[PDB]
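Student: Below is the structure, and that's it, no one-letter string:
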RNA sequence: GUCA
């Protein structure tokens, strides 16, 4: 399981 | 399972 | 399962 | 300009 | 300008 | 300018 | 499992 | 300018 | 398991 | 300018 | 990246 979170 | 979240 | 979320 | 690219 | 790139 | 790159 | 969190 | 790079 | 947290 | 780099 |  791979999760990516980008806040911008 | 792979999830991608982009906030811009 | 592959999910993609793009916010722009 | 806003561009969205989803690869899945 | 806002660009979103998701690789999955 | 805001750019988001997700590699998964 | 691999998780990535970016805050900017 | 805000740039986010996730490698996973 | 690999987790990365970036605050900026 | 704020940049986030995640290596994993 | 361990996702049909």
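Tutor: Great, that's in hand. Numbering: from 1, shown residues only, chains lettered A, B, ... in the order given.

Student: from here on, contacts and neighbour counts on C-alpha atoms
Tutor: Will do.

Student: Could you give the number of residues near residue A:7?
Tutor: Neighbour count for residue A:7, taken as other Cα atoms under 10 Å in any protein chain shown: 21.

Student: shouldn't it be in contact with residue C:6?
Tutor: No - in this structure, residue A:7 is not within contact of residue C:6 by Cα atoms under 8 Å, at 11.1 Å.

Student: so what's in contact with these two at the same time?
Tutor: B:6-8 (Cα atoms under 8 Å, 6 or more residues apart in numbering or on different chains).

Student: Name the residues that touch the helix or strand containing residue A:4?
Tutor: Using DSSP states H and E, residue A:4 sits in strand A:2-7. With contacts defined as Cα under 8 Å, 6+ apart, strand A:2-7 is touched by B:1-8, F:4-8, G:1-8, H:4-6, H:8.

Student: Which ChimeraX command selects the buried ones in those?
Tutor: In ChimeraX, this line selects whichever of the contacts of strand A:2-7 come out buried by 16 or more other Cα atoms under 10 Å in any protein chain shown:
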select /B:2,3,4,5,6,7,8 /F:4,5,6,7,8 /G:2,3,4,5,6,7,8 /H:4,5,6,8
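
Student: and the contacts of strand A:2-7 near RNA strand K, which?
Tutor: B:1-3, F:7-8, G:1-2, H:8 (Cα under 7 Å from any atom of the strand).

Student: what residues are up against the residue in chain A that RNA strand K sits nearest to?
Tutor: Going by Cα to the nearest atom of the strand, RNA strand K is nearest to residue A:1 of chain A, at 3.5 Å. By Cα under 8 Å, 6+ apart, residue A:1 lies in contact with B:1-2, G:1-2.
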